[PDB]
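Given as structure tokens, the chain that follows is alone and in the form deposited in one PDB entry.
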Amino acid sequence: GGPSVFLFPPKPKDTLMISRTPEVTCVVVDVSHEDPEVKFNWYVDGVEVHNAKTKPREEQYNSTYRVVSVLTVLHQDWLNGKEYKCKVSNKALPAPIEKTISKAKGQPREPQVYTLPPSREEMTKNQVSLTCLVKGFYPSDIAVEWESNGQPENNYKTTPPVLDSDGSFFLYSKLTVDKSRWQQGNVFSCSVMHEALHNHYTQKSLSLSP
């Protein structure tokens, strides 16, 4: 049919905290039933390391399969822009398909975090909007979360990174809360994880004036 490959980068959060594990997925689509014999081969700066592991395919319920491999990586490795090449061999595919990825190039720029109170003209509604504006950062790989009293709030959405005119990125994070718990003077905070921050983590709190 049409076995094409797709290489994906690790998650931003995973390369910043050594607690978690950053990976490179090498998803191969449209695998034929006939010859489902797909092989993999990794290269770290064309050095070919060994440690990756494969997975059990699935049925794309459209007469095709979908194999996918994943290779673990060192946090500093990936951060220092090394290359990750994933070659997808095959016994029934024209030739050796390949793809490579690495982190965006350029000097990391430190994000500037600001929290914004909900507009008074929203006080009427039953729920208000807490706003976290993260701008001026490079590269765009970033993570955002909101919390309260150490506990993690989950009713929020974050717009993806947007290229600014100066070449850095920005985004907004919106947290939704019952108007009541905002007048009570509760405290909410925006957390931003990024390689350019000291200790890869910054936090700016948001609360009511009186």
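Residue numbers run from 1 along the displayed sequence.
- Higher mean CA temperature factor between 159-167 and 35-43: 35-43, per the PDB entry.
- The PDB entry reports B-factors from which the mean C-alpha value can be compared for 122-130 and 105-113; the larger average falls on 122-130.
- By the numbers in the PDB entry, the CA B factor is greatest at 62 among 173, 148, 180, 62.
- Ranked by Cα temperature factor within the chain, residue 143 sits in the lowest third according to the deposited record.
- The entry lists a Cα temperature factor for residue 94 that places it in the highest third of the chain's modelled residues.
- In the deposited entry, the Cα temperature factor of residue 87 sits in the top third of values across the chain's modelled residues.
From this point on, the text means the form deposited with a partner chain bound, which you will not see here.
- Residue contact check for residue 46: none of its heavy atoms lie within 4.5 Å of its partner chain in the deposited complex.
- At a distance threshold of 4.5 angstroms between non-hydrogen atoms, residue 75 is in contact with its partner chain in the deposited complex.
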